[PDB]
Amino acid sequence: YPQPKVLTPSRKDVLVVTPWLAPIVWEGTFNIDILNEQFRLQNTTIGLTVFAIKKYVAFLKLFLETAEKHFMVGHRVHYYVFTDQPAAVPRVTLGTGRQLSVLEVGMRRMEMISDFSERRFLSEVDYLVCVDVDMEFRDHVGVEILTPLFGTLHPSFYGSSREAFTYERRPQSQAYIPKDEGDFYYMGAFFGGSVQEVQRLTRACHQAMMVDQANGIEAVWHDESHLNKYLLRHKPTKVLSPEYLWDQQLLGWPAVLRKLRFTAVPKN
């Protein structure tokens, strides 16, 4: 493969590493051939959780069809589809080494991911990735994201200063973040990590949300506000650029995005 170029920046228009030395994953920062080898040598298995409750079962067909074309191709994958309507889950044909399980349901997502992430039947699974369903894959989402703990830059806020971030601002909430604190604003629609780090994150967020509930407060952006509090205090080991959570109808195709990899499906 090509030799890296010590004296040539991978990017001149964006930040590619956080101040705590976690890579920020953009196109042009990684050679997927090297990463795919490293992760295949460990026979890595990726679990993907996705919730499709009530009308949102309609989003599953395109979500799964496009995941098969773009998500972790060549690696072992297990989809876990959480739904109140198991018969509505479309029968999509999967590539080899890929499986799908339907978990009937029934704070919902963090509580349910926490309970599920503690089950022994995940012994085989190495990483969990937790995403919204009202989305489609348009380009590669692969093992470059995998790491002990990651969050994703929210596509509306990546250029914002921290006072503009919509963190929970009331001190009476467990999700509270002061106006002079905060590294980034992370989207609740795409986070993940090793099974252990996802257990810890979802347990912390669910236990925080139960405290707030006992106290009669609901954080401003619900589990996303608790996710931001958690990732402020437990800094992620990679941060995904907005390539990985984009809304093209809202935000177009800016010059800093070389690829739109996982994008919102327009809805009401």
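Start at 1 and count along the sequence shown; that's the residue number.
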query	finding
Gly106 left out of the model in a third or more of other PDB entries	yes
Size class of the missing deposited segment between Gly106 and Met107	4 to 9
150-158 or 177-185, whichever carries the higher mean Cα B-factor	177-185
Higher-B stretch (mean Cα B-factor, as the entry records it), 55-63 or 206-214	206-214
Given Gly142, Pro86, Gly193, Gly97, the residue at which the Cα B factor reaches its maximum	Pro86
Highest recorded Cα temperature factor - choice among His75, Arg170, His78, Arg138	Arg170
Where the record places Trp26 (Cα B-factor, split into thirds across the chain)	middle
Among modelled residues of the same chain, the CA temperature factor third for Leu251	middle
Among modelled residues of the same chain, the CA temperature factor third for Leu15	middle
Record-listed C-alpha B factor of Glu118: chain third	highest
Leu232 - Cα temperature factor, lowest/middle/highest third of chain	middle
